[PDB]
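Novice: The structure's right below; bear with me while I get my questions together.
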Amino acid sequence: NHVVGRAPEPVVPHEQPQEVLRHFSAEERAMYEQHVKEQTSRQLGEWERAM
Amino acid sequence: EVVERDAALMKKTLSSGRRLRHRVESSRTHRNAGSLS
Amino acid sequence: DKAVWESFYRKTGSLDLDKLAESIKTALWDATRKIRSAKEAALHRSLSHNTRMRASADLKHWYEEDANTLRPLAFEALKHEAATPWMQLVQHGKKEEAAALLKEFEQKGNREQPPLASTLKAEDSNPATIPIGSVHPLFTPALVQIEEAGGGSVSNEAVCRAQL
Amino acid sequence: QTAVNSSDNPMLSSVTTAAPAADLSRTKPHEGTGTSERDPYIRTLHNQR
Amino acid sequence: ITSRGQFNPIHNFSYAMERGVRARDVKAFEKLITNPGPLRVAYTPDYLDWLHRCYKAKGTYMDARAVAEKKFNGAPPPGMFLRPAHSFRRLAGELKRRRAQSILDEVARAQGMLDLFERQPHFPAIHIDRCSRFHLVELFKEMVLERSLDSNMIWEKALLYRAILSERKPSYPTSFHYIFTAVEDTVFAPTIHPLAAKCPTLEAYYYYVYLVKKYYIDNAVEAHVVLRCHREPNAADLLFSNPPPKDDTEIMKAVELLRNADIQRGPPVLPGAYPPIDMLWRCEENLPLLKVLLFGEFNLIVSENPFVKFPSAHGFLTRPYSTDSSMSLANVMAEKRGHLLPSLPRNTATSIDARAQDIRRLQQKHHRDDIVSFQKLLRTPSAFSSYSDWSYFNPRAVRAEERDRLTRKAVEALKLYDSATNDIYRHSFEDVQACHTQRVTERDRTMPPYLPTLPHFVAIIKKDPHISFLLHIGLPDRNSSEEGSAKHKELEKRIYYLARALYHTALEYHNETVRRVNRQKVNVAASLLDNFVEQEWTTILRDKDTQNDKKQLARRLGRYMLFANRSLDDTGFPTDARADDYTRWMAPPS
Amino acid sequence: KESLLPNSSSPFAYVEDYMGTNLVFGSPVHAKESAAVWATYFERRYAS
Amino acid sequence: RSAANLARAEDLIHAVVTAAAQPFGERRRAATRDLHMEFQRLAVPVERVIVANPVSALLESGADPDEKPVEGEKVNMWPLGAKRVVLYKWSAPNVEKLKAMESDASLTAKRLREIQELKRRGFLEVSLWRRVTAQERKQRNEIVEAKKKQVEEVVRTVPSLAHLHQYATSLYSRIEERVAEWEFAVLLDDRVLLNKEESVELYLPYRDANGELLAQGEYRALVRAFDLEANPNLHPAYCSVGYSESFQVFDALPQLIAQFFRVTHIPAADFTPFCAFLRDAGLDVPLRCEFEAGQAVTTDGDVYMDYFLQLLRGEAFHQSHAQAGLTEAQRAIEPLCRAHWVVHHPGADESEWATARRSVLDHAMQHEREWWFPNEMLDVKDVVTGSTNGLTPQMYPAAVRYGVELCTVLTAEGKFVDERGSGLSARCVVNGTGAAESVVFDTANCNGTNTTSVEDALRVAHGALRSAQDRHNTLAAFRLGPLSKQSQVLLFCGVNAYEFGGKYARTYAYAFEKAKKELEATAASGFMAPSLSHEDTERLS
Amino acid sequence: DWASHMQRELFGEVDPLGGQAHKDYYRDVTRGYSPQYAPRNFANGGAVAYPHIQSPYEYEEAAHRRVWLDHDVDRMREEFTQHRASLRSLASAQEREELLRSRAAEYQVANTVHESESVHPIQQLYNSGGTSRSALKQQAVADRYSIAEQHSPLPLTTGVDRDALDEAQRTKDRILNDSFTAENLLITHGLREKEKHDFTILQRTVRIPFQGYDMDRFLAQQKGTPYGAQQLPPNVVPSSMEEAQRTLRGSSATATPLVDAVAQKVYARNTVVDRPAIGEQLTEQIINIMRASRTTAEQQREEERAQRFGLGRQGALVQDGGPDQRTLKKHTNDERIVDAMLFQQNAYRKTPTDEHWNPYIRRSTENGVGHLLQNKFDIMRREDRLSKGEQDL
């Protein structure tokens, strides 16, 4: 009942634990964020277009 | 003998004594300046 | 084929210069890519026929020298191309013909062709001809002393002296 | 997923705590270092088609 | 090179000692330390002692070096021998040492000077008695003016210093007396007019007296805090002081008393506008006020934490504590998640709200203890060091970057000094005779031509047909259009990331823990690059035949091999090893 | 600037032995210094 | 002995090649004199140029702020370490626009911004030219001629150098940038932004930078004016020039030092009235300089006069505006960029370099930074000891590779303008591959008539690709050059470390011949190699 | 609006926190002793949220990026001087604020703060408890360097020197060599074979796991994917502030290169030491401490390696029964065993391909696939097939 129109929850390729992320430099963490942002946006948008 | 000499030199880094420092008197309004007398 | 291609770029039309630029850029890239492929090809033929290097089992032989690494190097073009015929002769280690050309120099005192096709002819592709000084460029200044004072070929005398 | 660690049970008293798996190591096609299911002590799946 | 609470020399002893001028008695040394020129740097006894000892040691050093060189007419490392003087290698080495040591000297002194005008404790007082308009104006324009964003705050700073000096007069030491000449000599614009545009009003001055009396300001430090918080809408709240502020009846009464008592010698609102800044520095009339201002900055600075006295202003002046809180979590997470996802099942919602509470509790619990433990941990180079971490607040504290530049310069100089060792000194002859017995051999005995180096990898990932095509041809031209330069920047940046990742993997390849993590950095980087390439490639093909054009050339290249699924080892080349082995080596951490 | 070192671009101008010695094309000071170095060395060698 | 001969050769080669470059310089300078003399007929003159005493900002007790009445009439002489104010009148449109917009100017962030951009739009360059006695001119003519003689003898003795001459001339004519009494002394200001006041305080230093001291004698101040609309990319020919009247330059210290003390030490009472005394003679003693001169001191509290002088006379506490405009970083790479710039401008004067200095170094530190910046792998800290100390035989081929990949990946840029008169011009950006990352035509310069055949656009792009590939080759020579030269000393004189030196040389040669012979049989066997095991062979011999 | 505040601090020649110790700001070395924001995360629990540098090469690189960015930080300084002169010129609050707003937009100050983008409720939790947008913007402090980083070329050069790279190669070599030696020694004592056997013993006990009646559903629910199947991570009890801070700083202390470590320590000690010095005597003292440090560390590594593999002669060299005498104890490394082991591997061996006259040895894939790739064609094919995620032929 709850889930009917909704998108699948975005699945980000090579998503990281907190314990690996703790070793990313400030710049590499910015990059990680860029990656997650882009995957999430791409997928959710793809679902919009699909539906 | 070389390596002996350098271990002998890294012994001298822990042989550091401290020289006695000299506290001054804290005030609320300024800093006190002592000079050698 | 100006007949065919001219109106593609317009010309009365005014030139694109955008289309024209992209196509120049692309053409150049194509040429360069042919060069690089030729280099790598040479490397490949060598590796596949060389059994001693095959004996040590190394995948790394195939990647340790690639188009970037092999010669001719592009950023070295000038000093090799802008060079006089004499200079090119000595650069490629032909001391005989360079000395000859030098004596004749003293005593008597858009084109299509690579500037080196003058000095380097067919017969200098034979690996038999390549002087030992020139063989391994990395070490050239050291391997030059094994060589004869005038001749490209190694001098028994010098090497025996050194050993003795 | 089993540890080759030593057990206090009487049947397992022969079992000795294993050194950790070797780091960059090239195995024989029928063995693995035994870390995960993806990498068993004994590779059961054939490598053919 | 500097760390917290380190002493640095501001004196150049070397120049005079090379001329042969040396001191013996302590009186001689005090005579060596006193600037004739206008400025007077006082010292703590401690710093003075340290400096003295250093001086003596430098005497002994230059002495023994000179005596050694008179006997021979430095002293080698243990297994080494001195090359001859007038040998190229030794001349070069010694030169290198001369230069490196001049650099290290200059740096030492520069950091000393930073300490001096940052008002570090061992330089307790800078005295200006001997300065003339030039020195004062210059000191002002280098120290006060340049730094300040706001013009109008400078005047305030001045009057407030005048008020503090005038109110605290008994407790100041004798060496300060001269400055009071400048305080009684201050010229004010008549009450509401030729000086109205030149100088400030007396009313203003009494406002600031009100502030010194009401908040008990003893310092340039609390001055700083008060002056930043007082014009703001929350003023009563920010500046509310731990010993509570006096009630305005008594204060305004004492201000009436001062105003009146000073008339017979010849809730107040925050004051108005003041004359444009330049007047202060360029009118003779303001010259005493200016003087006070300088004296206010270079002295009147004391260690004490102003945030013991103004505990509510700590959040405003410097950043607030994260453990201190000035909807439900579930609703925030709903807002980020967007309307396109199912709302959180209300189990997980409730569960997450529970965590949010438990975390609130952890914060409240650990707020004090973390602070305490932190300062205690700093008081104990060591893991904890800095240019400035001091317990006390310093409004003139130097920017971290000025100090770091010096430090870096000094470390270059050190590495330079260390180089020259192998130029000046040499190994035993027969040791190198021996050494030349094992020749360098190309194949084995020489390091391999592919080491980890950033351009090696950048080259490797730019050598791919698809990416080489995308760089040169594929993207719209970088100079021609905006999309061109944008796409170009991003492609280049992504290559760069993947290159840095491969590089740091290659360096640490031998140690497993670090390698698996660095490997995850490679995965993220490569994934980013692959998505960019894939996208731009599709764009090339879709975008709207003719022989040898862009699209044909692209379709000739074939399928794009993803950088993610590439298996490259330490040297940046594909592996020798079986896929199952390589996969295991690079597997994620647990 | 004034220093004692040959003024030339080529590094080949600054080449000497490992022992800091040049008995060819060295300045007269260098030459005496270096012949003295080798003299001392061989004196000790043939002594022992 | 052979190392000595190598060095000797490189010295000669350097002489010969330089002597080949000078005439290019004369012709370039001539063409630029010409082009400039044309352009200045049509452009906005810089009419009044006057050197004057700087006017104190300080006011007396009864004065009021606003006037700015005194510019000073003029000045007969400019002391060495002193500030003077040069006044210019440049009536160019943007300057007018500035005077108007500022005289209208209680303040808005917007208008502040507008004013600052309007200031950045044009700029002035101020320099000091010195006169020359016929005596000095004859001494220089004499020295130049003696050098030319030495070069002619050298070339005569050793034929191959006479050949290298023709080489260098033919290279310069290709590499070079095509262009279609008083001697320069100092650059006081690289970029003076536009003012409503039309004046600059300039500090003259004690030292021009090649590091030399400044002479005495007559100087006039030259002022160049550039506006970035009429002359983007800042060609040196297009600009507006005017000169001040002559004045006298000298170093005043030894007079004033003599006048105040009537001098190795200074007693410490006098120090502060001494510095005051100096500032009244016009000299600039900064505050810090006083302060440090005072911090190195005799037993008696004295100031060493030579330490004080050394501080006054050097770049530490005050600089030419021209040198303050540059970063620490830029000043560190400057001799490299200058060397390179001079390869492409064969025979440049210090005047020319002075003009182009800012623009070149900004370009370098922006677009070129990878080429110019010091590179711990490639770079050489020292020439004498580089072969021995920094570079190991074990690290050598790695470092060579590093150079090669770096150049492969980096990028160079080049320009070409059409010689046949349409303003068609191309820019190119080029890899270490020879490939072109970018090619662009610019129709801006050329008129609306166009009518340029595809042929001519092709010729233009050809020329641009050329100049670009050449820039890239030259940059690579400078990036990889030092390390490769020291590599040469390592391998040539350090043979006996290697397997091709000494007793093992003979083995290498042997291996070499076998390889050759072996290649032959592989070519005979159809490029399938014989057996390693030599199972293939007819005879046991 | 927080952005204008940050910009305000960037313009100032004064340190933003006034040099004072603040528990939430790590003054980091790597970052040039600059006050970076590093709160404790109580959702992860006890852990200071901030980068932990894991190698010296990371340090050396970051230091280099600072040197590279120098020129830009300098142009920026020169530009800031102009800016805050303009700020002095402006007499009204609101206009000043307009200037700061527009200029903070231009320098992209806001773009320095990196917020977690994850839509997943759990990652949401981890970041958003302690470190959130609301918090991160309010708490962030920008150095000039982090601003120059954004408008600037990217360096192709790590700060690593020729010699530093020499030592890197040597270190990697040495450690790899000893690890391979150690592993072969475990195979030789047959402890690996034992480990396999014992695994087989442990199998006796185990059940086959319940995989569910609907196996898809089951697997998925184990992973927490289906709807309402989300579990929260187990709450961890936070560690004392000293512990967390010591982890964070110990990390970057380990990573400090020799020169910096020594130099910092020498100067800092020179203040308190009994016989202090300035000038060249100090420099000397540093160089000596450094050279001695290298030598001592070398010698210590050799002794360690000796203890690990049991290298070195046993007892007296001149024993009656010959020099040779040695004793081997069960599962214990010894010099003799190491060298016998290598002897077995390569005894008269001329090349690794020596035994490849034998077809069944030649196509063994044990050592890797590298001897079986002969023409380029096949190599490329392998590359392709591997990238597609299929098997190598």
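Residues in the structure tokens are numbered from 1 in each chain, the chains being A, B, ... in the order shown, and ligands are numbered from 1 in the order shown.
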Quick one: contact table of chain G to chain C, 6 Å max, nearest atom pair and distance in Å to one decimal per residue, counting only C-alpha atoms, chain and number order, as CSV?
Specialist:
residue,atom,partner,partner_atom,distance
G:432,CA,C:75,CA,5.5
G:433,CA,C:74,CA,5.4
G:434,CA,C:74,CA,5.5
G:435,CA,C:29,CA,5.4
G:436,CA,C:25,CA,5.9
G:439,CA,C:21,CA,5.8
G:473,CA,C:75,CA,4.7
G:491,CA,C:142,CA,5.2
G:492,CA,C:142,CA,4.8
G:502,CA,C:162,CA,5.2
G:503,CA,C:163,CA,4.0
G:506,CA,C:159,CA,5.4
G:516,CA,C:128,CA,5.9
Novice: Those residues you just picked out, can you put them in a file as a short mmCIF file (atom, residue, chain, number, x, y, z; two decimals), in the first residue's frame with C-alpha atoms?
Specialist:
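File produced: again27.cif:
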data_model
loop_
_atom_site.label_atom_id
_atom_site.label_comp_id
_atom_site.auth_asym_id
_atom_site.auth_seq_id
_atom_site.Cartn_x
_atom_site.Cartn_y
_atom_site.Cartn_z
CA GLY G 432 53.69 15.78 -26.19
CA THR G 433 52.30 13.48 -28.88
CA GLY G 434 52.42 16.11 -31.58
CA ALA G 435 48.61 15.93 -31.55
CA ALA G 436 46.37 19.00 -31.24
CA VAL G 439 42.54 24.59 -32.83
CA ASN G 473 59.77 21.26 -28.18
CA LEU G 491 77.51 7.96 -17.66
CA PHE G 492 80.56 9.35 -19.43
CA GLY G 502 86.21 -1.44 -17.83
CA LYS G 503 86.81 -5.17 -17.89
CA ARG G 506 84.58 -6.40 -23.84
CA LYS G 516 73.39 -8.81 -34.56
#
Novice: Just the residues within 12 Å of residue F:35, please, counting only C-alpha atoms, with nothing from its chain fewer than 5 positions along; format it as a PyMOL selection string.
Specialist: (chain E and resi 84) or (chain F and resi 19-24+26+28-30+40-43)
Novice: How about saving the chosen residues, C-alpha atoms kept, as a PDB file, in the first residue's frame?
Specialist:
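Everything below was put into out.pdb:
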ATOM      1  CA  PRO E  84      90.566  18.887   0.077  1.00  0.00           C
TER       2      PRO E  84
ATOM      3  CA  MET F  19      88.746  11.801  -3.790  1.00  0.00           C
ATOM      4  CA  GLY F  20      88.228  15.441  -4.674  1.00  0.00           C
ATOM      5  CA  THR F  21      91.341  15.425  -6.737  1.00  0.00           C
ATOM      6  CA  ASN F  22      92.163  16.741 -10.187  1.00  0.00           C
ATOM      7  CA  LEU F  23      95.661  16.289 -11.589  1.00  0.00           C
ATOM      8  CA  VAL F  24      94.510  17.450 -15.015  1.00  0.00           C
ATOM      9  CA  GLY F  26      92.916  21.899 -12.206  1.00  0.00           C
ATOM     10  CA  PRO F  28      97.412  25.487  -9.615  1.00  0.00           C
ATOM     11  CA  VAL F  29      96.096  25.457  -6.016  1.00  0.00           C
ATOM     12  CA  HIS F  30      93.837  22.470  -6.706  1.00  0.00           C
ATOM     13  CA  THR F  40     100.163  11.162   1.393  1.00  0.00           C
ATOM     14  CA  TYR F  41      97.933   8.236   0.501  1.00  0.00           C
ATOM     15  CA  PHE F  42     100.648   6.336  -1.400  1.00  0.00           C
ATOM     16  CA  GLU F  43     103.225   7.192   1.222  1.00  0.00           C
TER      17      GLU F  43
END
Novice: Do you know which residues are at most 10 Å from residue B:35 counting only C-alpha atoms, after dropping those on the same chain fewer than 3 positions away, and could you put them as a PyMOL selection string?
Specialist: (chain B and resi 32) or (chain E and resi 30+42-49)
Novice: Store the residues picked out above, limited to C-alpha atoms, as an mmCIF file, in the first residue's frame.
Specialist:
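What follows is the written file result-v2.cif:
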data_model
loop_
_atom_site.group_PDB
_atom_site.id
_atom_site.type_symbol
_atom_site.label_atom_id
_atom_site.label_comp_id
_atom_site.auth_asym_id
_atom_site.auth_seq_id
_atom_site.Cartn_x
_atom_site.Cartn_y
_atom_site.Cartn_z
ATOM 1 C CA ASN B 32 55.608 42.292 33.936
ATOM 2 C CA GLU E 30 72.368 43.868 28.510
ATOM 3 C CA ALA E 42 61.128 44.488 27.167
ATOM 4 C CA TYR E 43 61.688 40.855 28.060
ATOM 5 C CA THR E 44 60.718 38.319 30.659
ATOM 6 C CA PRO E 45 63.597 37.241 32.890
ATOM 7 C CA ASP E 46 63.181 33.783 31.441
ATOM 8 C CA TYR E 47 63.567 34.659 27.778
ATOM 9 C CA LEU E 48 66.489 36.881 28.758
ATOM 10 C CA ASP E 49 68.190 33.991 30.496
#
Novice: Could I get the residues of chain C with an atom no further than 9 Å from an atom of chain H, each paired with its nearest atom pair and that distance in Å to one decimal, using only C-alpha atoms, sorted by chain and residue number, as CSV?
Specialist:
residue,atom,partner,partner_atom,distance
C:44,CA,H:376,CA,6.5
C:45,CA,H:375,CA,8.4
C:47,CA,H:375,CA,7.9
C:48,CA,H:375,CA,5.6
C:54,CA,H:371,CA,7.5
C:55,CA,H:353,CA,5.4
C:56,CA,H:352,CA,5.9
C:57,CA,H:371,CA,4.8
C:58,CA,H:370,CA,5.9
C:59,CA,H:370,CA,5.1
C:60,CA,H:370,CA,8.7
C:62,CA,H:376,CA,7.9
Novice: Within 12 Å of chain D, which residues of chain H are there when counting only C-alpha atoms? Please give them as a ChimeraX atom specification.
Specialist: /H:175-187,190-209,364-369,390-393
Novice: Could you turn the residues from that selection into a file that holds N, CA and C atoms, as a CSV table (one decimal), in the first residue's frame?
Specialist:
chain,number,residue,atom,x,y,z
H,175,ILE,N,60.1,-5.2,2.4
H,175,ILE,CA,59.0,-5.8,3.1
H,175,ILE,C,58.3,-6.9,2.3
H,176,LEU,N,58.2,-6.7,1.0
H,176,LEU,CA,57.6,-7.7,0.1
H,176,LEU,C,58.4,-9.0,0.2
H,177,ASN,N,59.7,-8.9,0.1
H,177,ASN,CA,60.6,-10.0,0.2
H,177,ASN,C,60.5,-10.8,1.5
H,178,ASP,N,60.5,-10.0,2.6
H,178,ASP,CA,60.4,-10.7,3.9
H,178,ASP,C,59.0,-11.4,4.1
H,179,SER,N,57.9,-10.8,3.5
H,179,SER,CA,56.6,-11.4,3.7
H,179,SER,C,56.5,-12.7,2.8
H,180,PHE,N,57.1,-12.7,1.6
H,180,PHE,CA,57.1,-13.9,0.8
H,180,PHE,C,57.9,-15.0,1.4
H,181,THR,N,59.1,-14.6,1.9
H,181,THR,CA,59.9,-15.5,2.7
H,181,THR,C,59.1,-16.2,3.9
H,182,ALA,N,58.5,-15.3,4.7
H,182,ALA,CA,57.7,-15.8,5.8
H,182,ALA,C,56.6,-16.8,5.4
H,183,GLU,N,55.9,-16.5,4.3
H,183,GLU,CA,54.8,-17.4,3.8
H,183,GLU,C,55.3,-18.7,3.3
H,184,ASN,N,56.4,-18.7,2.6
H,184,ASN,CA,57.0,-19.9,2.1
H,184,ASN,C,57.5,-20.8,3.3
H,185,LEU,N,57.9,-20.1,4.4
H,185,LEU,CA,58.3,-20.8,5.6
H,185,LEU,C,57.2,-21.4,6.3
H,186,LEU,N,56.0,-20.8,6.2
H,186,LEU,CA,54.8,-21.5,6.8
H,186,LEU,C,54.4,-22.7,5.9
H,187,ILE,N,54.6,-22.6,4.6
H,187,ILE,CA,54.3,-23.7,3.7
H,187,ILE,C,55.3,-24.9,4.0
H,190,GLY,N,54.7,-26.8,7.0
H,190,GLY,CA,53.5,-27.5,6.7
H,190,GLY,C,52.3,-27.0,7.6
H,191,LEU,N,52.4,-25.8,8.1
H,191,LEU,CA,51.3,-25.2,8.9
H,191,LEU,C,50.1,-24.8,8.1
H,192,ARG,N,50.3,-24.6,6.8
H,192,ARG,CA,49.1,-24.3,6.0
H,192,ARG,C,48.3,-25.5,5.7
H,193,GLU,N,49.0,-26.6,5.5
H,193,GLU,CA,48.4,-27.9,5.3
H,193,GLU,C,47.6,-28.3,6.6
H,194,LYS,N,48.3,-28.0,7.7
H,194,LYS,CA,47.6,-28.3,9.0
H,194,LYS,C,46.3,-27.5,9.0
H,195,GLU,N,46.4,-26.2,8.7
H,195,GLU,CA,45.2,-25.3,8.8
H,195,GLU,C,44.1,-25.8,7.9
H,196,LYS,N,44.4,-26.3,6.7
H,196,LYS,CA,43.3,-26.9,5.9
H,196,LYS,C,42.7,-28.1,6.6
H,197,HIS,N,43.5,-29.0,7.0
H,197,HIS,CA,43.1,-30.2,7.7
H,197,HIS,C,42.1,-29.9,8.9
H,198,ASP,N,42.5,-28.9,9.6
H,198,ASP,CA,41.7,-28.5,10.8
H,198,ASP,C,40.4,-27.9,10.4
H,199,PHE,N,40.4,-27.2,9.3
H,199,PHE,CA,39.1,-26.7,8.8
H,199,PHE,C,38.2,-27.9,8.5
H,200,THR,N,38.7,-28.9,7.9
H,200,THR,CA,38.0,-30.1,7.6
H,200,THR,C,37.4,-30.7,9.0
H,201,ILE,N,38.3,-30.7,10.0
H,201,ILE,CA,37.8,-31.2,11.3
H,201,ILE,C,36.6,-30.3,11.8
H,202,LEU,N,36.7,-29.0,11.7
H,202,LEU,CA,35.7,-28.1,12.2
H,202,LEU,C,34.3,-28.3,11.5
H,203,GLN,N,34.4,-28.8,10.2
H,203,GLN,CA,33.2,-29.0,9.5
H,203,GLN,C,32.3,-30.0,10.2
H,204,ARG,N,32.8,-31.0,11.0
H,204,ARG,CA,32.1,-32.0,11.6
H,204,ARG,C,30.9,-31.6,12.4
H,205,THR,N,31.0,-30.4,13.0
H,205,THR,CA,30.0,-29.8,13.9
H,205,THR,C,28.9,-29.1,13.2
H,206,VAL,N,29.2,-28.4,12.1
H,206,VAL,CA,28.3,-27.4,11.6
H,206,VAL,C,27.0,-27.9,10.9
H,207,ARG,N,25.9,-27.1,11.0
H,207,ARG,CA,24.7,-27.4,10.2
H,207,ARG,C,24.7,-26.9,8.8
H,208,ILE,N,23.7,-27.2,8.0
H,208,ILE,CA,23.5,-26.4,6.8
H,208,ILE,C,22.5,-25.4,7.1
H,209,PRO,N,22.8,-24.1,6.7
H,209,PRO,CA,22.0,-23.0,7.2
H,209,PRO,C,20.6,-23.0,6.7
H,364,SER,N,50.8,-25.0,-16.8
H,364,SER,CA,50.4,-24.7,-15.4
H,364,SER,C,50.0,-23.3,-15.2
H,365,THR,N,48.9,-23.0,-14.6
H,365,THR,CA,48.5,-21.6,-14.3
H,365,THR,C,48.9,-21.1,-12.9
H,366,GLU,N,49.6,-21.9,-12.2
H,366,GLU,CA,50.0,-21.6,-10.8
H,366,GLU,C,50.6,-20.3,-10.5
H,367,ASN,N,51.7,-20.0,-11.2
H,367,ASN,CA,52.5,-18.8,-11.0
H,367,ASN,C,51.8,-17.6,-11.5
H,368,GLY,N,50.9,-17.8,-12.5
H,368,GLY,CA,50.2,-16.7,-13.1
H,368,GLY,C,49.9,-17.1,-14.5
H,369,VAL,N,49.4,-16.2,-15.3
H,369,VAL,CA,49.1,-16.5,-16.7
H,369,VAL,C,50.2,-16.0,-17.7
H,390,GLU,N,34.0,-11.5,-17.6
H,390,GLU,CA,34.0,-12.9,-17.9
H,390,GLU,C,35.3,-13.5,-17.6
H,391,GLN,N,35.4,-14.8,-17.9
H,391,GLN,CA,36.6,-15.5,-17.6
H,391,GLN,C,37.7,-15.3,-18.6
H,392,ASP,N,38.9,-15.4,-18.1
H,392,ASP,CA,40.1,-15.3,-18.9
H,392,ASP,C,40.2,-16.7,-19.7
H,393,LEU,N,40.5,-16.6,-21.0
H,393,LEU,CA,40.6,-17.8,-21.7
H,393,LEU,C,41.9,-18.5,-21.5
Novice: Which residues are near residue A:45? Cut-off 12 Å, only C-alpha atoms, ignore same chain within fewer than 4 positions. Put them as a PyMOL selection string.
Specialist: (chain A and resi 7-8+10+37-41+49-51) or (chain E and resi 338+340-341)
Novice: Using C-alpha atoms, can you write the selected residues to a file as a tab-separated table (two decimals), in the first residue's frame?
Specialist:
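Now in selection-v1.tsv:
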chain	number	residue	atom	x	y	z
A	7	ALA	CA	11.16	4.82	-6.86
A	8	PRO	CA	13.56	2.07	-5.81
A	10	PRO	CA	19.14	4.40	-5.06
A	37	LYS	CA	25.21	12.80	-5.49
A	38	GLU	CA	25.48	11.94	-9.18
A	39	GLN	CA	24.35	8.35	-8.80
A	40	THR	CA	21.38	9.31	-6.60
A	41	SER	CA	20.27	12.11	-8.94
A	49	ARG	CA	11.21	9.83	-16.71
A	50	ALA	CA	10.17	6.18	-16.54
A	51	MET	CA	6.97	6.91	-14.69
E	338	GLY	CA	12.31	13.78	-1.52
E	340	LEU	CA	9.75	10.36	-5.01
E	341	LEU	CA	10.68	7.76	-2.43
Novice: Counting only C-alpha atoms, which residues of chain E fall within 9 Å of chain B, and what is the closest atom pair for each with its distance in Å at one decimal, ordered by chain and rising number, as a tab-separated table?
Specialist:
residue	atom	partner	partner_atom	distance
E:26	CA	B:36	CA	7.5
E:27	CA	B:37	CA	7.9
E:30	CA	B:36	CA	7.4
E:42	CA	B:33	CA	6.0
E:43	CA	B:33	CA	5.4
E:44	CA	B:33	CA	5.0
E:45	CA	B:34	CA	4.8
E:46	CA	B:22	CA	5.1
E:47	CA	B:21	CA	8.7
E:48	CA	B:36	CA	6.9
E:49	CA	B:36	CA	7.5
E:50	CA	B:21	CA	8.7
E:77	CA	B:2	CA	8.8
E:78	CA	B:2	CA	5.5
E:79	CA	B:2	CA	6.0
E:121	CA	B:31	CA	7.5
E:122	CA	B:33	CA	8.5
E:123	CA	B:33	CA	8.1
E:124	CA	B:31	CA	5.1
E:125	CA	B:31	CA	6.9
E:168	CA	B:29	CA	7.7
E:171	CA	B:29	CA	7.3
E:172	CA	B:30	CA	7.2
E:173	CA	B:32	CA	7.9
E:218	CA	B:29	CA	5.3
E:219	CA	B:29	CA	5.8
E:220	CA	B:29	CA	8.8
E:299	CA	B:30	CA	6.7
E:300	CA	B:30	CA	5.0
E:301	CA	B:30	CA	6.2
E:302	CA	B:30	CA	5.6
E:303	CA	B:28	CA	8.7
E:304	CA	B:28	CA	7.7
